[PDB]
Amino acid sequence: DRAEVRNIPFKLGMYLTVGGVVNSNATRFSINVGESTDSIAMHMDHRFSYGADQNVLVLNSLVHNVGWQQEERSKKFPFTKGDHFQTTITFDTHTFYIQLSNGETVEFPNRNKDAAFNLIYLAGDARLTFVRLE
């Protein structure tokens, strides 16, 4: 199915580093941190070609039985199809701090002010090769 880390709580102060490989001919893939596949506090989508979006990062949250909220977009896109990537995420109750493969960072609001998350997963056209959550 998708690559999942489930019920190993990602809590305030811990760091999550995932590494993987983008597929050749990838459309998009995302890293999702939340509660379930329908309850995502930080959705980070990497769009190689999706609709009108080409080489952009789109960040958003998904509320259970409600839907996607306000998107934030970033133009920082050090990603290449067929290549490796590595991303580190930490958060406090106000902000998710994300660091990309090249050291550039992107910040996204912790909109629900959650202190722990029990599901981390990747979906779309990429695969994970390692994870550290500590």
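Heads up: residue numbers just count along the shown sequence, starting at 1.
A.B. asks: So 72-80 or 24-32, which one's hotter by mean CA B-factor in the entry?
C.D. replies: Of 24-32 and 72-80, the stretch with the higher C-alpha B-factor average is 72-80.
A.B. asks: Output the stretch having the higher mean C-alpha B factor in the entry; the candidates are 98-106 and 47-55.
C.D. replies: Higher of the two, by average CA B-factor, is 47-55.
A.B. asks: Rank-wise, by C-alpha B-factor, drop residue 2 into the lowest, middle or highest third of its chain.
C.D. replies: For residue 2, whose C-alpha B-factor we compare with every modelled residue in the chain, the answer is the highest third.
A.B. asks: Using only modelled residues of the chain, where does the Cα B factor of residue 66 rank: lowest third, middle third or highest third?
C.D. replies: As the PDB entry reports it, the C-alpha B-factor of residue 66 lands in the highest third of its chain.
A.B. asks: Could you look up the Cα B-factor of residue 12 in the entry and say which third of the chain it sits in: lowest, middle or highest?
C.D. replies: Highest third - that is where residue 12 ends up once the chain's C-alpha B-factors are sorted.
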